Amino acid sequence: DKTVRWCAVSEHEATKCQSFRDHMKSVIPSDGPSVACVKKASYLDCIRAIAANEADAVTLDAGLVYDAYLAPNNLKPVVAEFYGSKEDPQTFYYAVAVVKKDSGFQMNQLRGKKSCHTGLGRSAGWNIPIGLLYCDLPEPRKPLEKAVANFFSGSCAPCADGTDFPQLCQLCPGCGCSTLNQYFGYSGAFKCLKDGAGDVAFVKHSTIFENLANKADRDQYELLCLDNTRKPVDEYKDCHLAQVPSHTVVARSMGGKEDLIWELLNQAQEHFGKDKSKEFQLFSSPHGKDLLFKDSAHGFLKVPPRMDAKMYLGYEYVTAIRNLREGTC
């Protein structure tokens, strides 16, 4: 029992949150946990709000989980999403680079092309691909935003500072950090490619399948593999940039209500998980894709006691993030 203040980013998430609140009220008893919705403009405002005791929980992509851990925020991961199936849950996913068929360029020929990113600092959309191109970037590589802006001939990198790095919002003027920007996130980054604004979209292996139902529409796209070849989109297991940890819900280190968070989500998945209810779905919405949780998730797993972001993310991934930040070639 008691209320978990979920931090919703912008209108669409706010709408799904309110429906989430209402549906749980109808199934949960008076003595069960409940949801209240707190709307903010960006994930970064949700991170501050939780630290300031204005909200309690928010789901973040793993690259943002690192940032949330840093002082003075010190949030910790408490519940993880899992993908795949309930039968063989995967606590990771694949970062891929999607391009259109016959566009004629490999991964070593990206300079001067136009890029669509899910958002600044996110695993698949940013950390992995920029991490892989880092030394191909021209000096000076600090700040990163500027070297990236000079390598591609225009991008959409949501959450980046368009005032300071205008080329980063060339494909999505303003670099809006929420679903109000139609090119934000996995599906937004894919739309940026499909619409012809960009030449490459840095997304996850499931993105295209979530967006194109026909195999014949999907045959018009391919993946860039690290060996400078291209493969079809079904072949992501042998043509991907990296494997990355799942998105996770974070909470405060003190008075964080981690117990209630797990309690609420565990019940939520039981009533409203994949194919559970005709009334409401935790992992999909008529209002948008990946709102509050990713549409590709199948459920949740509780993170082990007192695990910090660094341990959760793993040495490798943490090393990569660090090396992007200072990083020496």
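The first residue of the shown sequence is 1; numbering continues from there.
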When the C-alpha temperature factors are averaged for each of 219-227 and 245-253, which stretch ends up with the higher value in the entry? 219-227
Report the stretch with the higher mean CA temperature factor, choosing between 33-41 and 57-65 on the basis of the entry. 33-41
For the listed residues 297, 70, 49, 260, which one has the largest C-alpha B-factor as given in the deposited model? 70
Using the temperature factors in the entry, find which of 81, 87, 195, 199 has the highest value at its Cα atom. 87
Third of the chain's Cα B-factor distribution that residue 308 belongs to, per the entry: highest
Select lowest, middle or highest to describe the third in which the CA B-factor of residue 137 falls within its chain in this entry. highest
Relative to the other modelled residues of the same chain, rank the CA B-factor of residue 13 and answer lowest, middle or highest third. lowest
Residue 275, C-alpha B-factor rank within chain (lowest, middle or highest third): highest
If you rank the chain by CA B-factor, which third does residue 113 end up in: lowest, middle or highest? middle
